[PDB]
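Given next, in structure tokens, is a single chain: the form deposited in one PDB entry.
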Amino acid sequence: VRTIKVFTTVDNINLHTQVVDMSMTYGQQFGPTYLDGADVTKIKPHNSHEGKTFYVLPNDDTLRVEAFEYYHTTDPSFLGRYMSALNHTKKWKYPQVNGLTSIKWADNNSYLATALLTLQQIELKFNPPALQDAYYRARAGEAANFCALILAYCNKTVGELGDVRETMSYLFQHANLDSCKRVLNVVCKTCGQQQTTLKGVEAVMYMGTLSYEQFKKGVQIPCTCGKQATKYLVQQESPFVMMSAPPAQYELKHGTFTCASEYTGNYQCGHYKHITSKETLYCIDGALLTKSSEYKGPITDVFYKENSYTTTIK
């Protein structure tokens, strides 16, 4: 029979030679098969396909190991979701806005833009080689693979409404934050004190208030007895912190933060904007850039720099 030589892969680094029957679909021979994101499972090999690399599902022990070592996941549908998203993100545009790689608007991708812009302003190293490799290229302007990966890891399809706080959570889970530590103390006038220690992702994220200073002074939270307890920051050790809260009018002053995310909309429909504090305040809305000395808007996430902090409260 007529045949061509193609290479299969799961990480696009380790190739596996294959002789394919041109009279059979790639699916009949390899299972679900993708070419640069396009699903060729039901397609038959072309002559132009000779020597090209195709993605396939891990169908043998060797591919299973290569897939995990690269992506750090054994979700059976991961590759399918990564390839489906890549077919869209590879068409997106990734301009350099104020020295940072952004994303031109498309398919409700605003949350990915501000997520990507935030990454380029905080110290963070990913663990999965897939994210390492893709993030390095996103920084250089080719973020199509990185975005497809963020969609795949976060179990989001192109066009789906996404949450920045949730998205950052997944990415931080795939990053080295083992050196991060946080100590809190909850004071209830009826139940006394109660210190708590957090590590890793839970050490750099808080949901309730946007102000890092107010976190140090104290924030009101419900106690089981019915009173309102006061939780404040005892000790922090991390290169950054993420403060989040439900969208609410909030003033971002120049020089008091690294960057933030604005959200306009509701739980079913909205748009994200990015605000970064450099020589002045810049608002990056995908490919759009505006500046101002003062900013006030519906802020939902604020990122601050950090190294080591210890409270003076006693």
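Quick note: we count residues from 1 along the sequence shown, nothing fancier. Here the rigid core means the biggest group of C-alpha atoms that line up within 1.5 Å when the two forms are laid on top of each other. Residues that one form lacks are left out of the comparison.
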{"item": "Mean C-alpha B-factor comparison - 181 to 189 and 71 to 79, higher one", "value": "181 to 189"}
{"item": "Residue range whose averaged C-alpha B-factor is higher in the record, 256 to 264 or 23 to 31", "value": "23 to 31"}
{"item": "Identity of residue with top Cα B-factor, from 130, 148, 221, 154", "value": "221"}
{"item": "Per the PDB entry, maximal CA B factor within 269, 275, 287, 56", "value": "269"}
{"item": "B-factor third for the C-alpha atom of residue 65 within its chain", "value": "lowest"}
{"item": "Within-chain third of residue 159 by Cα B-factor, per the entry", "value": "middle"}
{"item": "Among modelled residues of the same chain, the CA temperature factor third for residue 226", "value": "highest"}
{"item": "Among modelled residues of the same chain, the CA temperature factor third for residue 217", "value": "highest"}
{"item": "Within-chain third of residue 170 by Cα B-factor, per the entry", "value": "middle"}
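FYI, the form solved in complex with a small molecule isn't displayed, but the following is about it.
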{"item": "Whether 192, 232 and 313 all lie within 4.5 angstroms of the small molecule in the bound PDB entry by heavy atom", "value": "no"}
{"item": "Stretch in contact in the bound PDB entry with the small molecule, which is absent here, among 90 to 98, 161 to 169, 140 to 148, 115 to 123 (heavy atoms within 4.5 Å)", "value": "161 to 169"}
{"item": "Residue contact check: residue 27 to the small molecule in the bound PDB entry, 4.5 Å heavy atom", "value": "no"}
{"item": "Close approach of residue 268 to the small molecule in the bound PDB entry, 4.5 Å, heavy atom", "value": "yes"}
{"item": "Close approach of residue 246 to the small molecule in the bound PDB entry, 4.5 Å, heavy atom", "value": "yes"}
{"item": "Residue 263, heavy atom within 4.5 angstroms of the small molecule in the bound PDB entry", "value": "yes"}
{"item": "Which one of 188, 158, 79, 86, by Cα shift of 2 Å or more between this form and the one not shown, core superposed", "value": "188"}
{"item": "Runs in sequence order between this form and the one not shown, three or more residues long, with CA shifts of 2 Å or more on the rigid core", "value": "188 to 191"}
